[PDB]
Structures are given as C-alpha cells and as structure tokens.
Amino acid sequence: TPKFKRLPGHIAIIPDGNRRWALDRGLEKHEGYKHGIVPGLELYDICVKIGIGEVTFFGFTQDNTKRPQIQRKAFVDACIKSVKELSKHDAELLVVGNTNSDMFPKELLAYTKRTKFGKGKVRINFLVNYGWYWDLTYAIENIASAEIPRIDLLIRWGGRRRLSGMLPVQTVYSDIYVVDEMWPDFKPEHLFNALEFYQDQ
C-alpha cells in the first residue's frame, strides 16, 4: 500500500462490463455476473487494508430489470451472493433501492437498514433496483438515498465515461476514474491508479 497523503472518504464503484467479459470468454451474456462477485470482495479487502471508510456499489437499476429474464435472474443472484459474502466480513452493509417493486429481491430487504457485521471496519452501500428518478422524487435531505453521503471518487470499469444515473445528488462534485477493463478483470492496480489520481487532484 502506498503512503497515501490523502484518501477519499467515500468511493463509488460502477462494476460494468460483465456481459462483454462473458462474450469475450465464449460464455452466454448472463454468465458474467457470477465472475463479478470475487472482484467486489477483493476491492472490499483492499479498502479495509488501506483505510477507505465507505464504498457504494452500483448493483442494478430499474432499467436493468427490463433485460431478458435469464440475465435479470443471474445479476440479481450475483448481487444477493455479493451482499451475503460481505456480511461474513467486517462491513456495515446498507442496501438502497425501490422495495415497492416485484423486481426488488426479497433476500435483500433485511439489509435496507444499515447492519453492522463483525467489527464494521468499512461502510458498504449497494444500489439494488435503484433509479435516479425514484430516488429524487421519493423526497433534498429526504431523497431515497439520503443515508448515502457525498461521493469523493467514482471508479467505473468497462470503459464507459458516464454515471448511468448513479446517485445524481451524491456525484455532483465526484472525481471520475474510468478503467477500460471489464469488471470481472478487476485488479488492485485499477483501485491504486484511481487513488493516485484522486490525491493528485
């Protein structure tokens, strides 16, 4: 770990590129999501080691649930597994999203109140059946995502330079770092590169 002079208080993660990653390996589009679980756990372990206090993962949007059933079932399954795996570590977990929907996984309702697992060394938020319009209209201190603070640094995998409607209130001033590799090809150097960028701003 570099001797950072500064870290972001709050990083947002956009774990994009799972379908492209799968197709490149000769898999079906829906098979990439299960390969995005261990990267999230590796990113959690780095954040705990270096002292990042809060991480928000973009799980899936309301628009994502319009995708074919086989893809929706796979990404929902992978999101559930991610939250459950992180609950075995020292994470204070919160899931934010539209629970008044058939598309919100019932397995994740338990985590819609921030829950401390183990030593609670990092706060981890997950956006699940999330939509920016749902978030803003829920209401500014009363937006649906009000428990999620301002983001310092947003890191997106899969090479697209856009927010895909992640938390428009919290991302107003965020520095944005884009990794061209797809999310399942996560490496520590992607996070370290983004943190060097952040402290150099």
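Just count from 1 along the sequence shown to find any residue number.
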| property | result |
| --- | --- |
| Length class of the unmodelled deposited segment, which would lie between residue 172 and residue 173 | none |
| 102 to 110 or 123 to 131, whichever carries the higher mean Cα B-factor | 102 to 110 |
| Segment of higher mean CA temperature factor, 183 to 191 or 13 to 21 | 183 to 191 |
| Top residue by Cα temperature factor, when 58, 33, 138, 157 are compared in the entry | 138 |
| Third of the chain's Cα B-factor distribution that residue 142 belongs to, per the entry | highest |
| Cα B factor band for residue 94 (lowest, middle or highest third within the chain) | lowest |
| Relative C-alpha B-factor of residue 164, binned into the chain's lowest, middle or highest third | lowest |
| Residue 45 CA temperature factor, ranked by third within the chain | highest |
| Modelled-residue ranking by C-alpha temperature factor, third containing residue 152 | lowest |
